[PDB]
Each structure stands twice: as C-alpha cells, then as structure tokens.
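Asker: Take this structure first; my questions come after.
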Amino acid sequence: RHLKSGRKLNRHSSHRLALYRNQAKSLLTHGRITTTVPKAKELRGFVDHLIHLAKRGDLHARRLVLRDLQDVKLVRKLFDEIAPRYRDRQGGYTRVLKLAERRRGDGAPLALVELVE
Amino acid sequence: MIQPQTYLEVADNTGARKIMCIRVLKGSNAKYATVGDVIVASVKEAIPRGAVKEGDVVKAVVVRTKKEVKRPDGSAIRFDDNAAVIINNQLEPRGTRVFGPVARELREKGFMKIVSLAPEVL
Amino acid sequence: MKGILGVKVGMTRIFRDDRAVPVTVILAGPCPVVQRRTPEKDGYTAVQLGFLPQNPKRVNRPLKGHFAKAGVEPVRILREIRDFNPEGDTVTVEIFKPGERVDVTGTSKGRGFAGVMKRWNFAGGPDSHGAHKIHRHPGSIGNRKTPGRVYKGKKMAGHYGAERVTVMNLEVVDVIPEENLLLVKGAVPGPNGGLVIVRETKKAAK
Amino acid sequence: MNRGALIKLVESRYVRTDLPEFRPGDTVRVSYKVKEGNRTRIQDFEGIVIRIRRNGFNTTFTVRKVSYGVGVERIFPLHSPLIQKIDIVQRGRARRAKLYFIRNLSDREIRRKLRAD
Amino acid sequence: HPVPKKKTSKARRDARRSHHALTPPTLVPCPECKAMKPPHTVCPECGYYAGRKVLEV
RNA sequence: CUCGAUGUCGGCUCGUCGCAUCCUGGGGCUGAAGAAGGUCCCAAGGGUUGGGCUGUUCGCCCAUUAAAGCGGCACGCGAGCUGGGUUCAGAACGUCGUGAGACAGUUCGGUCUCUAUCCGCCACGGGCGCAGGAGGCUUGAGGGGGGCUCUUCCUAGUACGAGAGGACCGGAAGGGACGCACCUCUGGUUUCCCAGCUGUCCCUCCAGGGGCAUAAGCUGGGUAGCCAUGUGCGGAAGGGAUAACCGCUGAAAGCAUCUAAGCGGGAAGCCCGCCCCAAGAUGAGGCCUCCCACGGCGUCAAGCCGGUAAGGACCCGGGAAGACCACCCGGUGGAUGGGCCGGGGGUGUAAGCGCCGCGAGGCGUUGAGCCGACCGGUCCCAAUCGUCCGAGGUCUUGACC
Ligand SMILES: Nc1nc2c(ncn2[C@@H]2O[C@H](COP(=O)(O)OP(=O)(O)CP(=O)(O)O)[C@@H](O)[C@H]2O)c(=O)[nH]1
C-alpha cells in the first residue's frame with residue numbers, strides 16, 4: 001500500500017487548497033510571511049506556481065490564477081506589480097526560511113518565507 | 001470471467017441457453033469456470049419441447065468478459081457468457097448453435113465440430 | 001557464473017512469434033576489488049564493485065582498500081564464493097550469454113506494517129453478523145494449559161517490507177553488449193532503478 | 001539517463017515503429033488483419049472490423065476493444081506494435097467527445113443510439 | 001480490566017523512566033553575532049546570513 | 001484443587017502435535033497373468049475441495065476428487081470475534097397439577113465489558129561488550145522457509161493373454177491447489193488529474209470562474225504508487241547414512257542360514273544440496289584498507305586533555321527504507337529536494353475573437369487547453385556558517401626485529 005508518495009500534505013484537500021491560497025494571497029500582500037515549517041515548504045511550492053503565471057503575463061494566465069485567488073487588487077497587484085520584478089529568473093521565487101522559535105503551548109517550529117528578492 | 005455457481009449461457013440444443021454449473025471440471029479445486037474449460041451443470045432456464053430437459057451435463061467454456069488473454073498476445077472480451085453443452089465424451093450437444101470463431105476455442109481443440117460449426121457473424 | 005547489477009526497470013518485449021515480457025538489467029562492469037585467495041579466505045572467491053558515486057566524497061580507507069590491486073573510483077561493491085576471476089575486470093558484454101538460464105536476486109521493496117491482513121495470506125476475519133472488528137483482524141494465539149500460554153513463531157503483524165531476497169530460475173533472453181544491459185523477463189525481484197545481482201545454478205534434471 | 005533512456009532504447013530496438021500506422025482516431029469503427037494463426041501455420045490476415053474503443057500508450061500500447069456486433073456483442077482488444085499485425089486500415093470517423101472507454105457503445109448501444117453518437 | 005499485579009519496584013519504574021532519559025539542545029554560534037544558533041536559523045540580534053531583515057525595533 | 005468464582009454448546013479465525021496413514025510411497029502375499037483389487041510391517045512428507053438441510057460437530061444428499069483420515073490440547077481458542085444454542089422473568093399451546101406452578105415437550109423475542117503490569121510472541125531500536133582506534137567485504141557451526149498431485153500424452157494395449165483382459169523400467173505435456181517476488185501486459189484504484197451537470201449565495205450583469213450542495217455534491221474516463229482477477233518463478237536434481245522388505249561371503253546347528261563376523265540392495269523419510277536469518281555462536285570474528293602506536297598526567301599512566309575528519313556523530317536536506325528509531329544518498333568544489341524546462345501519460349479541443357441559426361448552439365483558430373507522484377536537463381530557491389566525540393585498539397603464550 002503506502003510509501004512511495006508524492007505531493008505530501010495535511011488536513012483535508014479542501015481545507016488545504018483553502019489555505020495554500022489564503023496564504024499565497026497574504027504573502028503576495030507582504031512579500032514575506034510567518035507560519036509553520038511545512039506551511040512554508042508547500043506554500044512555497046504553491047504561491048510558487050502562482051507567481052509562475054503572474055509571470056505568464058497575459059489575459060489568459062491572468063484569468064487563471066485569478067480563477068484561484070479571486071480579487072483584482074492583488075490580481076493585477078501581482079501580475080504587474082512584481083510579476084515583472086521576477087519574469088526572468090528560473091522560478092524558485094520562493095525563499096522558505098526557519099525562524100528562531102516555536103509557537104507556544106506546543107513549540108511548533110516556525111519561520112518566515114517570502115518572494116525571494 | 002469465472003464462477004462456481006452459475007447462471008451461464010449456451011445455445012446448443014439447450015433447454016434454454018442457460019444452466020447453472022456447480023464448478024470446474026479440472027484439477028480438484030475448481031473455483032473457475034474459465035475460458036475454454038470444461039465443467040458441470042443443470043438447467044436453470046426453460047425449454048420448449050426439445051429432448052434437452054431440466055437435467056445436468058458438463059461441457060465446454062465459451063466467452064467470459066474479463067480478459068481472454070492469448071498466447072500470441074491476441075486479446076479480446078465479449079459482453080457475453082456461454083459455452084456449449086456436452087454429451088459424455090464431450091461430443092457436443094445440438095446440431096448447430098448461435099455464436100462464432102477465435103483461437104481459445106479451437107485451441108483447446110477437443111471439439112473441432114464446435115469449431116467449424118459456429119462460424120459467421122454472431 | 002555471476003553478474004553484478006543496477007537493476008533498471010521492467011518492460012514488455014517480443015520473442016519468436018509472440019510477445020511476452022522482460023526486465024532491464026544494467027551493469028557497467030565490476031572488477032577484482034578484492035580476492036579471497038583461499039589461502040587468503042579458504043572460502044575462496046571474488047568481491048567487486050560496478051560503478052562510481054562521486055570522488056570528492058571518499059574515505060581514505062576506501063581509497064587505499066582500492067589502492068590494493070588498484071581499480072577505479074566507485075562505491076557499489078559485494079562478494080561471491082566459488083567463482084574464478086578469469087580476468088581482472090568484468091563487463092558482461094559477453095559475460096552473460098543469452099538463450100541461457102539464470103537465477104537471480106535483489107533488495108526487496110519495503111512493505112509496511114499490516115497484520116493477519118498483510119504479512120500473511122488469508123485476508124483477515126469476516127464481516128457482518130459481527131462488526132466489533134468489521135471484515136478483518138488477528139487470528140488466535142495458543143491456549144489454556146496446552147502449552148499453557150502464548151505460542152512462539154506463527155506469522156505476525158507489521159514491518160515486512162524492509163528486507164531482501166531472490167528468485168530461482170529465470171531466462172537470460174537478450175544481451176545488449178553496448179549499453180551493458182540485458183533483458184530477462186524477471187520477477188523484478190525488489191525495486192528497480194536500484195540494486196540487484198544474478199548468479200547461475202541449476203543441475204536441474206527437468 | 002536511466003529508465004527513460006536505456007529502455008526507450010531497447011524497445012526502439014525491437015518494436016521500432018509499431019509499423020508507422022499512426023491512425024488512432026477516437027471513434028472510427030475500422031478494420032484489420034492480424035497474423036493471428038494456428039493449425040498448420042495458418043497465420044491468417046484475419047480482419048475484424050470494430051468500433052474504436054481504447055488504448056495503452058508507451059513501447060507496448062494497444063488499439064483497444066473496438067466493439068463489434070457479431071450477432072452477440074464481441075469486443076476486440078489488440079496490442080499495437082505487437083508484430084502480430086499486418087493490415088490496419090480505418091473506415092469510420094474519428095469523432096465524438098468524452099474520450100474513450102465510451103463503452104456507452106457495447107453497453108446500452110442500440111443501433112439507433114449508436115448512430116446517435 | 002487488566003490492572004497489572006504490583007510494580008517490580010521503583011526498580012522497574014526506573015528501568016523504564018530510565019531508558020527514557022532527557023537529552024540536550026543542538027547549537028553553534030551566530031554566523032553573524034555570537035550566541036547559540038541551531039543549524040539553519042537567525043534570531044533577535046544578528047538574524048541572517050544575507051540580510052538580517054530581523055531584530056531591533 | 002475450584003462455589004471471594006474455572007464461560008459449558010455450534011461456528012468462526014490462527015491452529016499445534018499424534019499415528020492404530022486416507023492420498024501419498026516401500027514393500028513381502030494372494031485364491032497375484034495384465035490391469036485392477038484386496039492381505040499385513042515400514043514411513044507423517046505435503047497434501048487431506050464446493051454446496052444442500054439441519055444452531056446440531058455426526059449425519060444423509062448433490063458434484064467432483066489422488067484423496068476427500070481418527071484424534072490429542074478443559075471436547076484449543078471471550079482478555080480474539082460470533083453468540084442460533086440449551087439455561088433468569090415474558091407469552092404460546094401441547095401436558096401434570098384441585099391450582100398456585102410445573103415439563104431435559106416445544107416454540108417467538110431474550111442488555112457478552114475489556115485503557116496490557118509480568119513471563120510469552122511480532123517487530124524495531126537504545127547499551128555495552130566479543131582489551132589498538134578505525135571504513136568495508138565475507139564464512140558460516142546453528143537456526144528458519146518450501147518439500148503435493150492430478151489427468152492426458154510419450155514406450156501402450158508386444159508384459160498376462162486361448163479368448164473377454166491389462167505394462168513394470170521408464171518417458172513426456174499441461175493443469176489445480178499453494179509459497180516467493182513483481183507491473184511491462186491485463187484489469188482495480190487515483191479526495192483534485194482532466195473532462196460534463198442541476199441547485200445555489202458570491203465576484204463585478206454577460207459570459208469566466210467561486211465556496212455548498214457528507215471528511216471530493218453528481219457523473220465519465222484517468223496514470224504514477226500500491227494492487228488481483230494480470231506476469232516471472234518454485235516445489236529438482238542430485239550426494240551419503242537407512243525403515244519394512246531383498247541379497248553376498250560364513251560358521252556355532254563336520255548338509256542348511258542374510259547372520260554376531262565382514263559386504264552390498266533399498267524407501268516422496270533423516271544430514272547435505274535449495275533459498276532466509278546468524279558470533280551478544282563473549283568460542284571466531286577471517287580478509288581488505290587506514291590513523292597514529294595520539295597527547296598529558298604519581299609505575300602499574302586499563303584515568304585526564306588535544307590528539308586523527310583515521311572516522312564518524314550532530315543539524316540540514318532528500319528517500320518505494322520508514323509509527324519514533326535505526327537503514328539509505330546527499331549538503332552547494334552539489335543536482336538533494338522544491339522550481340523551472342524539455343519530455344512521456346493523462347484528459348478531450350480551452351479562454352477569445354472569428355465565421356451559419358430568430359434561438360437553442362454549430363463550425364474555425366484547437367486533437368487545443370490543463371495538468372500530482374513517471375525519464376531526465378538546468379544552482380531559479382533552500383542544502384551557509386558551525387559542533388562534538390571519537391587510537392595509543394583484552395588476558396596469555398610462543399616467534400622474530
Ligand atoms: N509397430 C507395428 N504395429 C502393428 C503392426 N501390425 C499391427 N500393429 C498394431 O497391433 C494391433 C493389432 O493389429 P491389427 O491388424 O489391427 O489387428 P487385427 O488382426 O486386424 C484384429 P485380430 O488380431 O483379432 O485378427 C493394431 O492396433 C496395430 O496398432 C506392425 O506391423 N507394426
């Protein structure tokens with residue numbers, strides 16, 4: 001049965017996509033954001049592909065990721081605001097990085113991850 | 001593909017192109033009225049007249065639906081389940097019957113008659 | 001009669017007048033990395049390696065163990081007895097002739113930890129007239145004053161994947177002397193794109 | 001390298017093109033002759049017509065059950081390269097949507113419906 | 001339902017609590033300032049390797 | 001022993017030993033021609049089917065089968081199920097009772113709990129050690145796994161044979177059951193891969209989308225991984241001791257006898273050969289390479305500190321390996337992940353504008369569009385910086401320098 005496994009995640013696909021997005025969005029907002037270990041890791045993979053279309057740069061692409069984040073402010077905000085800033089590298093526009101501590105009650109190890117300038 | 005208890009189809013001198021087999025005639029440990037095999041059964045379905053009756057013969061395996069995988073990587077499946085009824089020796093039951101060609105059968109061989117007999121479309 | 005290999009992947013092919021399926025064996029060519037002379041290891045034999053994973057990475061020891069009769073710059077190595085080295089370097093570019101029968105083995109893909117369910121046969125218990133365990137669960141384990149307790153060696157739940165093993169006879173099918181590869185129609189014993197070996201024994205009188 | 005590589009290779013070796021015949025088309029009932037034979041090497045250019053159903057794709061591939069109303073429903077599935085083949089000529093139309101395994105056919109077909117497509 | 005029988009002494013209790021045991025926390029010095037830094041991390045001072053982007057306010 | 005407590009049936013699931021062995025073979029015997037039976041001694045090796053009805057195991061019956069054994073273990077199994085059962089009250093009658101009530105007559109229902117401590121089994125690790133300190137390859141004493149068998153065909157109807165009837169030698173061929181791996185192929189899955197759809201509140205009306213319509217609303221298909229019903233393979237040879245049973249040479253029984261003497265024949269069984277563990281077999285470690293005999297301390301320095309990156313651990317990052325853990329490859333003098341990209345294989349021609357129809361939508365640019373684990377490119381991003389522990393490697397004897 002289980003072992004050889006790809007795209008590894010938690011909670012529930014709907015919950016997840018939910019987050020991936022919400023977050024992708026908030027980061028887009030702040031360039032850099034704070035959450036937990038893989039929150040970042042995978043969020044990287046994702047907000048990741050998004051910036052990918054951000055770059056894509058075109059009526060269509062736009063149409064798509066918008067499909068996913070829903071809201072102009074950012075829509076354009078990214079697509080033109082920074083999408084250029086990046087359009088030229090080889091992806092990996094994500095910088096996921098391990099902070100100094102762990103949230104309370106538990107010691108959940110966290111970090112900041114952002115668009116890698 | 002197979003079955004023990006079975007509502008199978010035929011089309012020889014059938015009472016009805018249908019009988020229920022108990023099991024496989026092979027190596028004492030049935031579990032598969034399989035393609036091109038020979039097994040046991042009684043009638044399930046009716047029979048206008050016909051010397052057939054509501055008895056039980058044994059016979060040979062036609063069609064199946066769940067992989068007719070051949071030696072030459074010849075491949076097929078008919079959305080049909082049926083074989084031909086036998087009289088002792090194997091020697092088939094009826095004068096004719098409604099169905100046709102394809103390796104597996106003849107290949108099992110012992111039944112050439114079935115062989116030339118069910119040829120054309122259907 | 002032995003080949004050392006990096007097991008590739010399984011795939012289908014054709015032979016005579018019919019298709020059938022094979023597997024991809026690949027082996028650069030191990031070499032006399034170490035010899036047990038008999039007076040050396042009266043369990044006389046040949047140990048070899050067959051590739052090379054980065055040099056900047058390599059313990060001194062390795063470096064000189066090699067030094068020995070000196071050969072190359074790899075890490076894949078192991079041994080087998082009663083097998084002369086009518087060479088001091090081997091490939092299979094002939095080493096292993098096709099239309100021959102072989103025996104072979106390899107690492108065994110790593111399962112999981114499933115009980116009466118996995119591990120052993122018979123899929124668990126039953127399901128319906130009873131569901132305070134729905135479908136399957138652990139068989140029985142001994143008894144009152146028979147041995148007066150719990151048994152000692154019947155199959156058991158869990159870890160049953162991280163191991164190794166082999167397959168008896170199989171066919172040598174075909175030899176590709178260039179890209180040191182061979183198609184053999186095999187039980188892909190253990191993964192693929194990983195490690196395996198072949199040996200040939202069978203005074204089998206049909 | 002690896003898999004992709006080497007293997008790609010061996011197969012290319014044996015199958016070569018399955019005999020350049022690249023006429024797939026979704027629909028199209030069509031007809032061919034496989035060597036399929038036995039009894040005194042009666043390898044017969046046997047031709048079956050069949051309404052195109054599905055397929056496997058990579059080295060080993062197969063022009064799937066194309067169902068054929070013989071007088072009962074018989075569906076024919078056949079490996080692609082499979083040297084087994086000689087003639088393979090289309091007749092029917094490569095039409096209809098939803099893609100293959102559209103057994104809709106073999107199943108509730110009904111000649112009429114059939115044509116309905 | 002299955003409440004043991006007694007307690008093989010503190011003895012046992014230990015046997016266990018014991019193999020248990022509490023190890024210590026990994027650390028070297030700030031690639032930047034000083035103090036303890038666990039492998040990949042920054043902190044309320046140095047906070048970097050290429051852009052503190054952190055500490056002081 | 002047990003009434004401060006031992007759950008009784010039937011069945012289930014996992015079974016374990018046993019031989020008066022059922023099928024297996026080895027056999028002497030026949031009223032044994034052949035074939036086939038039947039008559040005992042040897043030998044448990046594997047094997048020792050489905051249903052029917054019956055709460056019944058037994059049983060009788062259907063169909064096969066090589067065959068479809070008897071039984072040991074509280075008639076194994078409730079800390080592992082099941083609970084028709086017989087055995088708490090009901091109510092039923094049939095039956096006794098003057099009736100209260102009753103019948104091991106019966107029939108309808110009838111609240112089976114379980115967070116493992118111990119020794120025990122299944123796994124996986126942390127020690128500390130098999131008197132240098134080390135990286136890696138082995139050999140196994142000894143232990144574990146599997147050893148079946150059909151039917152046909154081969155020599156088959158020359159053995160026997162008046163005739164009716166049937167081959168040891170032996171040789172095939174496939175199959176069933178079953179065990180071990182494994183996806184190419186075959187088919188099964190695929191909670192997001194793609195595609196179609198109603199209802200609905202949202203975006204901004206229009207399309208173009210968006211959450212809810214159960215942890216994916218519906219539907220139709222769908223890799224890769226894992227997985228049968230798909231694929232390879234296996235149960236051998238063959239070597240040596242023998243069971244019953246067959247013989248050689250030979251007396252004591254100055255003729256004879258396999259029989260203490262000495263020799264041979266012989267079983268699918270016993271040791272090996274077959275794979276899988278394995279010196280924590282303190283009775284190994286055997287071999288390879290390599291740092292130095294490491295450096296300071298009260299001689300007995302078998303303690304300290306650096307010693308060696310000799311090496312490895314730590315943290316990081318990756319893994320069909322994986323509960324943790326240990327195993328495994330890697331850390332930028334890299335490709336390790338994710339990213340990106342080329343490509344496979346998926347979906348089934350997008351979004352828009354364009355062309356025919358009042359319209360519904362139809363056709364074009366479109367087999368486009370969009371994509372997760374599959375081959376592999378390229379430091380785009382993140383594997384920075386560091387830290388610590390780790391010889392001067394048991395006792396003993398003999399030998400050389
Ligand atoms: N190899 C071989 N087999 C033979 C020969 N003649 C006969 N046979 C075999 O022996 C069997 C007897 O021969 P057949 O001639 O048939 O018997 P028949 O003589 O006709 C009958 P009956 O013996 O009663 O007179 C046959 O089945 C045949 O297969 C021969 O010359 N060579």
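Labels used: A, B, ... for chains in the order of the structure tokens, numbers from 1 for residues in each chain, and numbers from 1 for ligands as shown.
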As JSON, numbers by chain, please: the residues near residue 193 in chain C (cut-off 7 Å, only C-alpha atoms (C1' of nucleotides), same-chain neighbours under 4 positions excluded).
Answerer: {"C": [6, 7, 8, 9]}
Asker: Near range 29-37 of chain D, within 7 Å and counting only C-alpha atoms (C1' of nucleotides), which residues show up once chain neighbours fewer than 6 positions away are dropped, as a list in words?
Answerer: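 Here the answer would be residues 43, 44, 45, 46, 47, 48, 49, 50, 51, 52, 66, 84, 85, 86, 87, 88, 89, 90, 91 and 92 of chain D.
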Asker: If the limit is 10 Å from any atom of ligand 1, counting only C-alpha atoms (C1' of nucleotides) and all ligand atoms, which residues qualify? Return them as a PDB file with N, CA and C atoms (P, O5', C5', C4', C3', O3' and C1' of nucleotides), in the first residue's frame.
Answerer:
```
ATOM      1  P     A F 156       4.714 -48.757 -27.745  1.00  0.00           P
ATOM      2  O5'   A F 156       3.580 -48.148 -26.807  1.00  0.00           O
ATOM      3  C5'   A F 156       2.361 -47.624 -27.366  1.00  0.00           C
ATOM      4  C4'   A F 156       1.182 -48.455 -26.919  1.00  0.00           C
ATOM      5  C3'   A F 156      -0.109 -47.680 -26.659  1.00  0.00           C
ATOM      6  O3'   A F 156      -1.244 -48.477 -26.976  1.00  0.00           O
ATOM      7  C1'   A F 156       0.620 -48.684 -24.650  1.00  0.00           C
ATOM      8  P     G F 157      -1.555 -48.855 -28.499  1.00  0.00           P
ATOM      9  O5'   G F 157      -0.806 -50.249 -28.683  1.00  0.00           O
ATOM     10  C5'   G F 157      -1.524 -51.493 -28.580  1.00  0.00           C
ATOM     11  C4'   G F 157      -1.296 -52.116 -27.224  1.00  0.00           C
ATOM     12  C3'   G F 157      -1.752 -53.563 -27.082  1.00  0.00           C
ATOM     13  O3'   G F 157      -0.685 -54.456 -27.380  1.00  0.00           O
ATOM     14  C1'   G F 157      -2.736 -52.261 -25.375  1.00  0.00           C
ATOM     15  P     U F 158      -0.860 -56.026 -27.125  1.00  0.00           P
ATOM     16  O5'   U F 158       0.626 -56.581 -27.268  1.00  0.00           O
ATOM     17  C5'   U F 158       0.922 -57.686 -28.143  1.00  0.00           C
ATOM     18  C4'   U F 158       2.353 -58.129 -27.958  1.00  0.00           C
ATOM     19  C3'   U F 158       2.820 -58.252 -26.512  1.00  0.00           C
ATOM     20  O3'   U F 158       2.648 -59.584 -26.042  1.00  0.00           O
ATOM     21  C1'   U F 158       4.274 -56.805 -27.681  1.00  0.00           C
TER      22        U F 158
END
```
Asker: Residues of chain C were defined as contacting chain D if any atom lay at most 12 Å from it, counting only C-alpha atoms; please report them as a ChimeraX atom specification.
Answerer: /C:6-27,174-183,192-194
Asker: Give as a PyMOL selection string every residue of chain A that touches chain C within 10 Å, counting only C-alpha atoms.
Answerer: chain A and resi 1-4
Asker: Taking only C-alpha atoms (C1' of nucleotides) into account, which of F:192, F:341, F:14, F:33 comes nearest chain C?
Answerer: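 Using only C-alpha atoms (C1' of nucleotides), the shortest distance to chain C belongs to F:14.
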Asker: Please identify every residue of chain F that has at least one atom no more than 10 Å from any atom of chain C, counting only C-alpha atoms (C1' of nucleotides), and report them as an MDAnalysis selection string.
Answerer: chainID F and resid 12:16 73:74 76:77 80:83 119:124 134:139 144 180:185 226 231:234 236:238 274:276 286:291 309:311 320:323 327 329 333
Asker: With a distance threshold of 6 Å and counting only C-alpha atoms (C1' of nucleotides), extract the residues of chain F near chain D and express them as a PDB file with N, CA, C and O atoms (P, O5', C5', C4', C3', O3' and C1' of nucleotides), in the first residue's frame.
Answerer:
```pdb
ATOM      1  P     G F 348     -12.673  13.229 -20.774  1.00  0.00           P
ATOM      2  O5'   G F 348     -12.967  13.993 -22.126  1.00  0.00           O
ATOM      3  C5'   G F 348     -13.188  15.377 -22.102  1.00  0.00           C
ATOM      4  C4'   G F 348     -12.453  16.017 -23.231  1.00  0.00           C
ATOM      5  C3'   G F 348     -13.060  15.830 -24.613  1.00  0.00           C
ATOM      6  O3'   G F 348     -14.025  16.884 -24.718  1.00  0.00           O
ATOM      7  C1'   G F 348     -10.665  15.768 -24.616  1.00  0.00           C
ATOM      8  P     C F 375      11.527   8.352 -12.851  1.00  0.00           P
ATOM      9  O5'   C F 375      11.804   8.607 -14.407  1.00  0.00           O
ATOM     10  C5'   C F 375      12.118   7.518 -15.294  1.00  0.00           C
ATOM     11  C4'   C F 375      12.955   7.989 -16.486  1.00  0.00           C
ATOM     12  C3'   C F 375      14.094   8.924 -16.170  1.00  0.00           C
ATOM     13  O3'   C F 375      15.228   8.259 -15.712  1.00  0.00           O
ATOM     14  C1'   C F 375      12.888   9.861 -17.919  1.00  0.00           C
ATOM     15  P     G F 376      16.227   9.062 -14.782  1.00  0.00           P
ATOM     16  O5'   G F 376      17.357   9.499 -15.801  1.00  0.00           O
ATOM     17  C5'   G F 376      17.953  10.756 -15.641  1.00  0.00           C
ATOM     18  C4'   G F 376      17.519  11.688 -16.737  1.00  0.00           C
ATOM     19  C3'   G F 376      17.942  13.091 -16.414  1.00  0.00           C
ATOM     20  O3'   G F 376      19.316  13.229 -16.596  1.00  0.00           O
ATOM     21  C1'   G F 376      15.775  13.142 -17.298  1.00  0.00           C
TER      22        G F 376
END
```
Asker: Find the residue from B:69, B:41, B:10, B:87 that sits nearest to chain C; use only C-alpha atoms when measuring.
Answerer: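 Counting only C-alpha atoms, the residue closest to chain C is B:69.
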Asker: Residues of chain F no more than 7 Å from chain A, counting only C-alpha atoms (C1' of nucleotides): send them over as a ChimeraX atom specification.
Answerer: /F:191,209,225-226,320,338-340,351,372-373,380-382
